[PDB]
file query.pdb (PDB, C-alpha atoms (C1' of nucleotides))
ATOM      1  CA  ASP F   1     -25.452 -98.114-163.393
ATOM      2  CA  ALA F   2     -29.176 -98.408-162.671
ATOM      3  CA  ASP F   3     -30.263-101.990-161.801
ATOM      4  CA  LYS F   4     -26.877-103.129-163.115
ATOM      5  CA  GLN F   5     -23.862-104.268-161.118
ATOM      6  CA  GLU F   6     -21.327-102.390-163.261
ATOM      7  CA  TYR F   7     -19.685 -99.021-162.647
ATOM      8  CA  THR F   8     -18.697 -96.182-164.966
ATOM      9  CA  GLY F   9     -15.179 -95.071-164.045
ATOM     10  CA  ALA F  10     -12.739 -92.606-165.590
ATOM     11  CA  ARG F  11     -13.222 -91.983-169.343
ATOM     12  CA  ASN F  12     -15.610 -94.593-170.891
ATOM     13  CA  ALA F  13     -14.095 -97.437-168.853
ATOM     14  CA  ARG F  14     -16.362 -99.642-166.742
ATOM     15  CA  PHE F  15     -15.409-101.725-163.720
ATOM     16  CA  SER F  16     -16.774-103.593-160.711
ATOM     17  CA  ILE F  17     -15.952-104.043-157.027
ATOM     18  CA  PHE F  18     -13.437-106.761-156.182
ATOM     19  CA  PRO F  19     -15.546-109.624-154.752
ATOM     20  CA  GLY F  20     -13.534-109.885-151.528
ATOM     21  CA  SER F  21     -15.140-106.642-150.346
ATOM     22  CA  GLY F  22     -17.995-106.512-147.864
ATOM     23  CA  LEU F  23     -19.816-103.897-149.960
ATOM     24  CA  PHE F  24     -19.426-106.134-153.009
ATOM     25  CA  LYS F  25     -22.912-107.401-152.118
ATOM     26  CA  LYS F  26     -23.992-103.870-151.044
ATOM     27  CA  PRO F  27     -23.262-101.627-154.039
ATOM     28  CA  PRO F  28     -23.270 -97.852-153.573
ATOM     29  CA  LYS F  29     -24.509 -95.357-156.155
ATOM     30  CA  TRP F  30     -21.189 -93.509-155.806
ATOM     31  CA  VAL F  31     -17.998 -95.448-155.129
ATOM     32  CA  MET F  32     -14.274 -94.767-154.835
ATOM     33  CA  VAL F  33     -11.690 -97.513-155.293
ATOM     34  CA  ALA F  34      -7.999 -97.891-154.540
ATOM     35  CA  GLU F  35      -6.521-100.166-157.240
ATOM     36  CA  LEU F  36      -7.767-100.622-160.807
ATOM     37  CA  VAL F  37      -6.781-104.078-162.068
ATOM     38  CA  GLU F  38      -7.503-105.635-165.467
ATOM     39  CA  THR F  39      -7.657-109.405-165.057
ATOM     40  CA  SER F  40     -10.908-110.796-166.421
ATOM     41  CA  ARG F  41     -12.493-107.350-166.408
ATOM     42  CA  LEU F  42     -11.725-104.098-164.587
ATOM     43  CA  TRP F  43     -11.766-104.419-160.795
ATOM     44  CA  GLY F  44     -11.462-101.824-158.063
ATOM     45  CA  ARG F  45      -9.844-103.593-155.138
ATOM     46  CA  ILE F  46     -10.706-101.530-152.040
ATOM     47  CA  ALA F  47     -14.027 -99.715-152.449
ATOM     48  CA  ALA F  48     -15.970 -97.202-150.361
ATOM     49  CA  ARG F  49     -19.207 -95.236-150.698
ATOM     50  CA  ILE F  50     -18.990 -91.460-151.181
ATOM     51  CA  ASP F  51     -21.369 -88.507-151.223
ATOM     52  CA  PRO F  52     -21.004 -86.548-154.507
ATOM     53  CA  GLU F  53     -21.002 -83.128-152.817
ATOM     54  CA  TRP F  54     -17.404 -84.031-151.914
ATOM     55  CA  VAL F  55     -15.641 -84.049-155.224
ATOM     56  CA  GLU F  56     -16.333 -80.582-156.595
ATOM     57  CA  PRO F  57     -14.242 -78.821-153.860
ATOM     58  CA  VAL F  58     -11.303 -81.249-154.027
ATOM     59  CA  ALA F  59     -10.961 -81.392-157.842
ATOM     60  CA  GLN F  60     -11.081 -77.693-158.755
ATOM     61  CA  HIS F  61      -8.360 -78.132-161.386
ATOM     62  CA  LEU F  62     -10.277 -81.040-162.953
ATOM     63  CA  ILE F  63     -13.915 -79.894-163.030
ATOM     64  CA  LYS F  64     -15.458 -78.969-166.372
ATOM     65  CA  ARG F  65     -18.725 -77.051-166.075
ATOM     66  CA  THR F  66     -21.362 -77.147-168.811
ATOM     67  CA  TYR F  67     -24.171 -74.593-168.711
ATOM     68  CA  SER F  68     -27.343 -75.307-170.672
ATOM     69  CA  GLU F  69     -30.758 -73.648-171.100
ATOM     70  CA  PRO F  70     -29.742 -69.984-170.571
ATOM     71  CA  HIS F  71     -33.034 -68.310-169.740
ATOM     72  CA  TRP F  72     -33.646 -64.858-168.305
ATOM     73  CA  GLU F  73     -35.720 -65.187-165.128
ATOM     74  CA  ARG F  74     -37.576 -62.069-164.030
ATOM     75  CA  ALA F  75     -37.728 -62.688-160.272
ATOM     76  CA  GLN F  76     -33.975 -62.297-159.877
ATOM     77  CA  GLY F  77     -33.759 -60.043-162.924
ATOM     78  CA  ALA F  78     -31.026 -62.457-163.934
ATOM     79  CA  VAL F  79     -30.292 -65.291-166.334
ATOM     80  CA  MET F  80     -30.323 -68.850-164.991
ATOM     81  CA  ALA F  81     -28.589 -71.855-166.513
ATOM     82  CA  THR F  82     -28.471 -75.526-165.588
ATOM     83  CA  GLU F  83     -24.885 -76.446-164.744
ATOM     84  CA  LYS F  84     -23.357 -79.908-164.975
ATOM     85  CA  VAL F  85     -20.016 -80.538-163.276
ATOM     86  CA  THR F  86     -17.815 -83.342-164.590
ATOM     87  CA  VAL F  87     -14.360 -84.866-164.115
ATOM     88  CA  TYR F  88     -12.983 -87.412-166.638
ATOM     89  CA  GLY F  89     -16.425 -87.326-168.288
ATOM     90  CA  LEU F  90     -18.287 -88.317-165.109
ATOM     91  CA  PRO F  91     -21.522 -86.328-164.543
ATOM     92  CA  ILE F  92     -21.150 -85.372-160.876
ATOM     93  CA  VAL F  93     -24.178 -83.071-160.779
ATOM     94  CA  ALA F  94     -26.631 -83.914-163.540
ATOM     95  CA  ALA F  95     -28.512 -80.647-163.073
ATOM     96  CA  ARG F  96     -28.058 -77.599-160.861
ATOM     97  CA  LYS F  97     -29.859 -74.297-161.415
ATOM     98  CA  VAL F  98     -27.298 -71.491-161.145
ATOM     99  CA  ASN F  99     -27.015 -67.790-162.047
ATOM    100  CA  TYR F 100     -25.731 -67.546-165.622
ATOM    101  CA  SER F 101     -25.918 -63.745-165.279
ATOM    102  CA  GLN F 102     -23.526 -63.846-162.337
ATOM    103  CA  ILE F 103     -21.350 -66.237-164.353
ATOM    104  CA  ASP F 104     -20.772 -64.120-167.459
ATOM    105  CA  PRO F 105     -20.954 -60.299-167.774
ATOM    106  CA  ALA F 106     -20.969 -59.821-171.553
ATOM    107  CA  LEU F 107     -24.500 -60.487-172.850
ATOM    108  CA  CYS F 108     -26.373 -60.238-169.543
ATOM    109  CA  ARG F 109     -25.758 -56.483-169.378
ATOM    110  CA  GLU F 110     -27.633 -56.075-172.675
ATOM    111  CA  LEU F 111     -30.344 -58.532-171.610
TER
ATOM    112  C1'   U N   1    -183.066 -54.952-227.736
ATOM    113  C1'   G N   2    -186.756 -56.185-234.248
ATOM    114  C1'   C N   3    -182.958 -57.917-238.500
ATOM    115  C1'   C N   4    -178.138 -59.936-240.099
ATOM    116  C1'   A N   5    -178.453 -61.432-248.753
ATOM    117  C1'   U N   6    -175.959 -65.958-251.866
ATOM    118  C1'   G N   7    -171.976 -69.923-252.561
ATOM    119  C1'   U N   8    -167.270 -70.670-250.526
ATOM    120  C1'   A N   9    -160.394 -74.743-248.301
ATOM    121  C1'   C N  10    -157.030 -80.584-245.341
ATOM    122  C1'   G N  11    -152.323 -85.054-246.000
ATOM    123  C1'   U N  12    -148.195 -92.441-244.699
ATOM    124  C1'   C N  13    -141.946 -95.090-242.424
ATOM    125  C1'   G N  14    -136.226 -97.363-243.485
ATOM    126  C1'   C N  15    -128.929 -98.832-242.289
ATOM    127  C1'   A N  16    -124.276-102.225-240.832
ATOM    128  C1'   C N  17    -118.670-104.752-238.898
ATOM    129  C1'   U N  18    -113.646-105.930-240.364
ATOM    130  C1'   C N  19    -107.477-109.385-240.817
ATOM    131  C1'   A N  20    -104.037-116.761-238.698
ATOM    132  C1'   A N  21     -98.890-119.865-238.614
ATOM    133  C1'   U N  22     -92.565-119.605-244.061
ATOM    134  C1'   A N  23     -83.829-121.815-244.055
ATOM    135  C1'   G N  24     -79.225-122.372-243.682
ATOM    136  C1'   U N  25     -74.736-123.409-239.438
ATOM    137  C1'   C N  26     -69.804-130.127-239.575
ATOM    138  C1'   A N  27     -66.067-130.817-235.748
ATOM    139  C1'   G N  28     -63.303-129.498-231.123
ATOM    140  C1'   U N  29     -56.229-134.821-229.027
ATOM    141  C1'   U N  30     -54.810-137.250-223.606
ATOM    142  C1'   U N  31     -54.252-136.405-218.441
ATOM    143  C1'   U N  32     -54.141-133.498-213.651
ATOM    144  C1'   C N  33     -53.909-131.672-208.614
ATOM    145  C1'   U N  34     -57.203-128.507-205.849
ATOM    146  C1'   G N  35     -60.722-129.839-199.733
ATOM    147  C1'   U N  36     -60.726-129.352-194.285
ATOM    148  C1'   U N  37     -61.370-128.928-187.627
ATOM    149  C1'   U N  38     -59.016-129.543-183.855
ATOM    150  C1'   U N  39     -56.571-128.154-178.345
ATOM    151  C1'   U N  40     -58.062-122.635-178.381
ATOM    152  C1'   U N  41     -54.679-119.260-172.292
ATOM    153  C1'   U N  42     -50.609-116.527-177.411
ATOM    154  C1'   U N  43     -48.073-114.913-170.998
ATOM    155  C1'   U N  44     -46.853-113.647-166.425
ATOM    156  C1'   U N  45     -40.087-109.127-162.839
ATOM    157  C1'   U N  46     -35.034-109.493-161.547
ATOM    158  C1'   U N  47     -29.831-108.858-159.529
ATOM    159  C1'   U N  48     -24.342-108.344-157.300
ATOM    160  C1'   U N  49     -18.601-113.572-158.288
ATOM    161  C1'   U N  50     -12.221-113.097-157.907
ATOM    162  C1'   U N  51      -6.583-112.625-156.378
ATOM    163  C1'   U N  52       1.757-111.297-161.169
ATOM    164  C1'   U N  53       4.436-109.233-157.984
ATOM    165  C1'   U N  54       8.111-106.723-155.133
ATOM    166  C1'   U N  55      11.496-102.459-152.006
ATOM    167  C1'   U N  56      11.117 -97.251-148.872
ATOM    168  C1'   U N  57      15.699 -92.610-142.962
TER
END
call {"tool": "encode", "arguments": {"input": "query.pdb", "output": "structure tokens"}}
result
Amino acid sequence: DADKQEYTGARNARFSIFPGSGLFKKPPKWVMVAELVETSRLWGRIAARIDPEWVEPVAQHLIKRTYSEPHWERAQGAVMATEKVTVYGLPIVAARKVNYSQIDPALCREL
RNA sequence: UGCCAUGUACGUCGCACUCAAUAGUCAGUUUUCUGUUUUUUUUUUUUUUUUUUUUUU
């Protein structure tokens, strides 16, 4: 979380890095942890920084894709939408412009 | 360039400035706050914090 030393994990749960880590003082924007433990709060024991272009290919059965702002763009002759990819409610890509016309064939033929 | 008949009618007069003072009507319980200057600046960005536990050709 921005300017906050707490992490949004799976579902609405929030956690923090176990203080014995070396990156406990160096927080990443995107972290993966080994053990979730509830003692005083939620703690991920062994933590490591990740790059969020990683988790779409390896969670294909878990990704939910939400497409907003379907607008027909002339230059492609095709409809664009902003896609958001999430697992467990975690917004992996906040915004990616993608071809809504290539996604669905039903209405884009008429358009 | 000589002459022009007689008698025949008159008087006196007036004008102005104005006008003041007046009726009757007694009284209203005690006590009270309300009140004044003076330093003026009110307001300035922050952070990472703990650990049941035990076994795998």
call {"tool": "interface_residues", "arguments": {"input": "query.pdb", "of": "chain N", "to": "chain F", "cutoff": "9 Å", "atoms": "only C-alpha atoms (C1' of nucleotides)", "output": "NGL selection string"}}
result
:N and (46-51)
call {"tool": "atom_distance", "arguments": {"input": "query.pdb", "atom1": "CA of residue 61 (chain F)", "atom2": "CA of residue 32 (chain F)"}}
result
18.8 Å
call {"tool": "residues_around", "arguments": {"input": "query.pdb", "residues": "residue 96 (chain F)", "least_positions_apart": "2", "cutoff": "9 Å", "atoms": "all atoms listed in the file", "output": "PyMOL selection string"}}
result
chain F and resi 81-85+93-94+98
call {"tool": "closest_residue", "arguments": {"input": "query.pdb", "among": "F:21, F:48, F:11, F:100", "to": "residue 87 (chain F)", "atoms": "all atoms listed in the file"}}
result
F:11
call {"tool": "atom_distance", "arguments": {"input": "query.pdb", "atom1": "CA of residue 49 (chain F)", "atom2": "CA of residue 67 (chain F)"}}
result
27.8 Å
call {"tool": "atom_distance", "arguments": {"input": "query.pdb", "atom1": "CA of residue 111 (chain F)", "atom2": "CA of residue 74 (chain F)"}}
result
11.1 Å
call {"tool": "residues_near_point", "arguments": {"input": "query.pdb", "point": "(-30.7, -73.1, -166.5)", "cutoff": "6 Å", "atoms": "all atoms listed in the file", "output": "list in words"}}
result
residues 68, 69, 70, 80, 81, 82 and 97 of chain F
call {"tool": "write_last_selection", "arguments": {"input": "query.pdb", "atoms": "C-alpha atoms", "output": "short mmCIF file (atom, residue, chain, number, x, y, z; two decimals), keeping the file's coordinate frame"}}
result
data_model
loop_
_atom_site.label_atom_id
_atom_site.label_comp_id
_atom_site.auth_asym_id
_atom_site.auth_seq_id
_atom_site.Cartn_x
_atom_site.Cartn_y
_atom_site.Cartn_z
CA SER F 68 -27.34 -75.31 -170.67
CA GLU F 69 -30.76 -73.65 -171.10
CA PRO F 70 -29.74 -69.98 -170.57
CA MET F 80 -30.32 -68.85 -164.99
CA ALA F 81 -28.59 -71.86 -166.51
CA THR F 82 -28.47 -75.53 -165.59
CA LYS F 97 -29.86 -74.30 -161.42
#
call {"tool": "residues_around", "arguments": {"input": "query.pdb", "residues": "residue 52 (chain F)", "least_positions_apart": "4", "cutoff": "9 Å", "atoms": "all atoms listed in the file", "output": "VMD selection string"}}
result
chain F and resid 30 56 92 to 93
call {"tool": "build_atoms", "arguments": {"input": "query.pdb", "residues": "region 35-46 of chain F", "atoms": "N, CA and C atoms", "output": "mmCIF file, in the coordinates of the input"}}
result
data_model
loop_
_atom_site.group_PDB
_atom_site.id
_atom_site.type_symbol
_atom_site.label_atom_id
_atom_site.label_comp_id
_atom_site.auth_asym_id
_atom_site.auth_seq_id
_atom_site.Cartn_x
_atom_site.Cartn_y
_atom_site.Cartn_z
ATOM 1 N N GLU F 35 -7.326 -99.598 -156.163
ATOM 2 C CA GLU F 35 -6.521 -100.166 -157.240
ATOM 3 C C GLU F 35 -7.428 -100.601 -158.380
ATOM 4 N N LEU F 36 -7.118 -100.142 -159.593
ATOM 5 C CA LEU F 36 -7.767 -100.622 -160.807
ATOM 6 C C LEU F 36 -6.917 -101.725 -161.422
ATOM 7 N N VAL F 37 -7.501 -102.913 -161.569
ATOM 8 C CA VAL F 37 -6.781 -104.078 -162.068
ATOM 9 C C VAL F 37 -7.579 -104.700 -163.207
ATOM 10 N N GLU F 38 -6.912 -104.938 -164.333
ATOM 11 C CA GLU F 38 -7.503 -105.635 -165.467
ATOM 12 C C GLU F 38 -7.086 -107.100 -165.428
ATOM 13 N N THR F 39 -7.995 -107.981 -164.996
ATOM 14 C CA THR F 39 -7.657 -109.405 -165.057
ATOM 15 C C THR F 39 -8.599 -110.236 -165.921
ATOM 16 N N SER F 40 -9.864 -110.352 -165.508
ATOM 17 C CA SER F 40 -10.908 -110.796 -166.421
ATOM 18 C C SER F 40 -11.672 -109.602 -166.952
ATOM 19 N N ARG F 41 -11.926 -108.640 -166.077
ATOM 20 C CA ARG F 41 -12.493 -107.350 -166.408
ATOM 21 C C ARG F 41 -11.757 -106.339 -165.538
ATOM 22 N N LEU F 42 -12.312 -105.138 -165.417
ATOM 23 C CA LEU F 42 -11.725 -104.098 -164.587
ATOM 24 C C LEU F 42 -12.287 -104.206 -163.176
ATOM 25 N N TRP F 43 -11.395 -104.224 -162.188
ATOM 26 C CA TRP F 43 -11.766 -104.419 -160.795
ATOM 27 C C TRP F 43 -11.129 -103.339 -159.934
ATOM 28 N N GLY F 44 -11.950 -102.679 -159.118
ATOM 29 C CA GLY F 44 -11.462 -101.824 -158.063
ATOM 30 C C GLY F 44 -11.339 -102.641 -156.795
ATOM 31 N N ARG F 45 -10.133 -102.653 -156.221
ATOM 32 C CA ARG F 45 -9.844 -103.593 -155.138
ATOM 33 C C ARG F 45 -10.522 -103.185 -153.832
ATOM 34 N N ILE F 46 -10.167 -102.021 -153.302
ATOM 35 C CA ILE F 46 -10.706 -101.530 -152.040
ATOM 36 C C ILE F 46 -11.686 -100.416 -152.388
#
